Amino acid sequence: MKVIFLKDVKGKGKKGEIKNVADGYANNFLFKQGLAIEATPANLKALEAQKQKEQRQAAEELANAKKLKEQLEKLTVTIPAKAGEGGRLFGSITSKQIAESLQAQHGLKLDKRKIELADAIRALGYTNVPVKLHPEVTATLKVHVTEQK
């Protein structure tokens, strides 16, 4: 009996792992723990549709990360800050500030989790910060810390 696996596969085979399972056992265990479903020509086409949309989405996303990477690499975030000791800052500029100045000045709302800053910026000057927009899309954000007051 052909079956559409809903869960127990390589994690969640819900994508559409269609395998011919033993009838009965299928409807006695798999079908019992919601693991699989009847490979009816409806729930087969209906599966195809979901896989087709998941594939479209994944592609929109990638395409978006790519356009977004282009917007970012033309910018320059400007974060002014109180410094003294040879350019050295009083506090530290971190991912939230950078994320905020980016929204405020460039109209971009980016999750601070994507701003791959390691150690918090603690000095006046320019810093190129990497931004992980997607598994295979990283952009360089130029950050500029200027002395205020």
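Residue numbers here begin at 1 and follow the sequence given.
- Averaged over CA atoms, B-factors in the entry run higher in 47 to 55 than in the other of 87 to 95 and 47 to 55.
- Of the two segments, 6 to 14 and 125 to 133, the one listed with the higher mean B-factor is 6 to 14 (C-alpha atoms only).
- Among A39, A63, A81, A104, the highest C-alpha B-factor recorded in the PDB entry belongs to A39.
- The PDB entry assigns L108 a C-alpha temperature factor belonging to the middle third of its chain's modelled residues.
- Ranked by Cα temperature factor within the chain, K67 sits in the middle third according to the deposited record.
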